[PDB]
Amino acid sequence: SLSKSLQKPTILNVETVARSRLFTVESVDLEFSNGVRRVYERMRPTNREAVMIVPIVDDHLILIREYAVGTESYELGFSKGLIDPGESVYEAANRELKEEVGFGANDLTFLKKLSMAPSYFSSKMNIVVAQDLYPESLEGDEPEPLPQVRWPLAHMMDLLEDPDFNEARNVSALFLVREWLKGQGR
C-alpha cells in the first residue's frame, strides 16, 4: 500500500496511578494509528524546565562535586538546577551559579535545549555558558557544600575518562561548549 505520513496515537485516558513526595506516575491508554491499543506509564508532564551552567574563568571550566542518591556516589560535573516560574534561562542560570559556586556572570550564553528520555519524562534542560564572573553569593538548598574543580579547557576532553562525569547531560554539554569555543577559536 501507499507509503503514508506519521499519525500520532490518540490518548484515550490518563490516570494518576502512583504518587510519592517528588514523583507522580501516570498510566496512559493509547490507540495507535493502526488501531493497536496499549497502556503506557510516564511521569506526569510538567512545563518546569531545568538549567545547566558551564562557567569558564581563566581558561578553566568550573565543575562541582555533588552527591547523587540514585547511585550513592559523588558526581563530577556542571552545576544544574530548576528554572523558577517567571525566570528566563539567563536569570535562572545566574541565580543558580550564585547559589552553588558563589559567582554571578556578566556574560551568559544560551547554547542548547535538550530533552531527556522523552518516552517517560517531558523535562527539558537548558545549557548555558557563563563567563566574566564576579563574586556574589546566594543561599541555596544544598545540604552540604559543593566542592569546586577547575579543569583546563585545553584538556576538557579528558573529562570523558572519569566515570563520575560520564552522564548524558554532562557529556552533551561538554561537546556543545567545545563546538561553541571553536566558533570563536578560543
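Start at 1 and count along the sequence shown; that's the residue number.
- Look at the C-alpha B-factors of 107 to 115 and of 94 to 102. On average they run higher in 94 to 102.
- Higher mean CA B-factor, judged across 154 to 162 and 140 to 148 from the recorded values: 140 to 148.
- Among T46, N34, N126, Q131, the highest C-alpha B-factor in the deposited entry belongs to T46.
- Among the modelled residues of its chain, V39 has a C-alpha B-factor that falls in the highest third, as given in the PDB entry.
- When the CA B factors of the chain's modelled residues are split into thirds, the value for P135 lands in the highest one.
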